[PDB]
Amino acid sequence: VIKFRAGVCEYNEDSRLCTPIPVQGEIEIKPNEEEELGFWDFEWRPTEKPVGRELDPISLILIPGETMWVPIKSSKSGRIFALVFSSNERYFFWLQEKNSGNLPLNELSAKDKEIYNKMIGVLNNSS
Amino acid sequence: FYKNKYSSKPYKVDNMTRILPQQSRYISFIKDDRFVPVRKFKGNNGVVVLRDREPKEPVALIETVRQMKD
């Protein structure tokens, strides 16, 4: 297994402002052995600091075309990963990878190339 | 020699190489790149702001240690 730090967003359905609220939770990438069309389990739990949005430990699944990556949806902060389940378990997440820093600028982080590889690879294909 | 003929003999030199303090007086800016100093040049080595006026021309770039690590 591989762990990375991950943040929440401010959750709404008003227009989906999705501002990053940085907290200090963690994703846990799990590679599975189902499919090859994209099937990964992203476990978001706030290891520390839950202050930002009311969330509780959860492992959320990847089924294609329902889990979509959008490079900017804040309109001043990139890297918005979006899960849509029709407000049953819709959540927005923004990663706090430390292989490309935590920068919240237009045109992703400064180290772009790490982010471009990782995000496409997980949606389309799976281990 | 100690000498050739300074103020003559053209050749190009890449930015962010070892610029000698005996060749930092003859750094002369070209006009096919937007980059020229906003005011009259120092005559010396250092950080100097060169103006970009087209970001539709992406030019070669050297990341700082900040950008790479982040």
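Bear in mind these aren't lab numbers, they're just calculated from the coordinates by the rules spelled out. Using ideal geometry, Cβ is built from the backbone for each residue, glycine included, and neighbour counts are taken over all protein chains shown.
For every residue, the table says whether it meets (1) within 22 Å of residue A:109 (Cβ to Cβ); (2) in a strand (DSSP E or B).
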site	(1), (2)
A:6	yes, yes
A:11	no, no
A:18	yes, no
A:33	no, no
A:56	no, no
A:68	yes, yes
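Being free of Cβ contacts under 8 Å to residues at least 24 places away in the same chain, part of a loop (DSSP other than H, G, I, E, B) and closer than 30 Å to residue A:97 by Cα narrows it down to one residue among B:61, B:20; which is it?
When all the criteria are applied, what remains is B:61.
Output yes when any residue across region A:74-91 is in contact with a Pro (Cβ under 8 Å, 6 or more places away or on another chain), of a type in the set (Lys, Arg), under 24 Å from residue B:64 (Cα atoms) and within 14 Å of chain B (Cβ to nearest Cβ), and no when none is.
Yes, because at least one residue in region A:74-91 is in contact with a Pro (Cβ under 8 Å, 6 or more places away or on another chain), of a type in the set (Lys, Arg), under 24 Å from residue B:64 (Cα atoms) and within 14 Å of chain B (Cβ to nearest Cβ).
What do you reckon, is residue B:66 of a type in the set (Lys, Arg), within 14 Å of chain A (Cβ to nearest Cβ) and closer than 29 Å to residue A:110 by Cα?
Considered against the rule, which asks whether it is of a type in the set (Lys, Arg), within 14 Å of chain A (Cβ to nearest Cβ) and closer than 29 Å to residue A:110 by Cα, residue B:66 comes out as yes.
Got a number for residues in region A:81-127 being farther than 20 Å from residue A:54 by Cβ and either polar (S, T, N, Q) or in contact with a strand residue (DSSP E or B) (Cβ under 9 Å, 6 or more places away or on another chain) (or both)?
Counting residues in region A:81-127 that are farther than 20 Å from residue A:54 by Cβ and either polar (S, T, N, Q) or in contact with a strand residue (DSSP E or B) (Cβ under 9 Å, 6 or more places away or on another chain) (or both) gives 24.
Looking at A:95, A:83 in this structure, which one is within 25 Å of residue A:1 (Cβ to Cβ), among the aliphatic types (A, V, I, L, M), touching a residue at least 40 places away in the same chain (Cβ under 8 Å) and surrounded by 13 or more Cβ atoms within 10 Å (Cβ to Cβ)?
A:95
Please count how many residues of region A:92-127 are more than 14 Å from chain B (Cβ to nearest Cβ), farther than 18 Å from residue A:39 by Cβ and within 12 Å of the chain's Cα centre (by Cα).
Adding up the residues that qualify gives 2.
Scan region A:26-61 residue by residue and report those that are in contact with a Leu (Cβ under 8 Å, 6 or more places away or on another chain) and in contact (Cβ under 8 Å) with a residue 24 or more places away in the chain.
A:27, A:38, A:39, A:40, A:42, A:44, A:46, A:60
Within region B:16-44, which residues are touching a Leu at 6+ places or on another chain (Cβ under 9 Å), within 21 Å of residue B:63 (Cβ to Cβ) and not acidic (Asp, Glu)?
Once the filter is applied, which keeps residues that are touching a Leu at 6+ places or on another chain (Cβ under 9 Å), within 21 Å of residue B:63 (Cβ to Cβ) and not acidic (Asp, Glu), region B:16-44 yields B:34, B:35.
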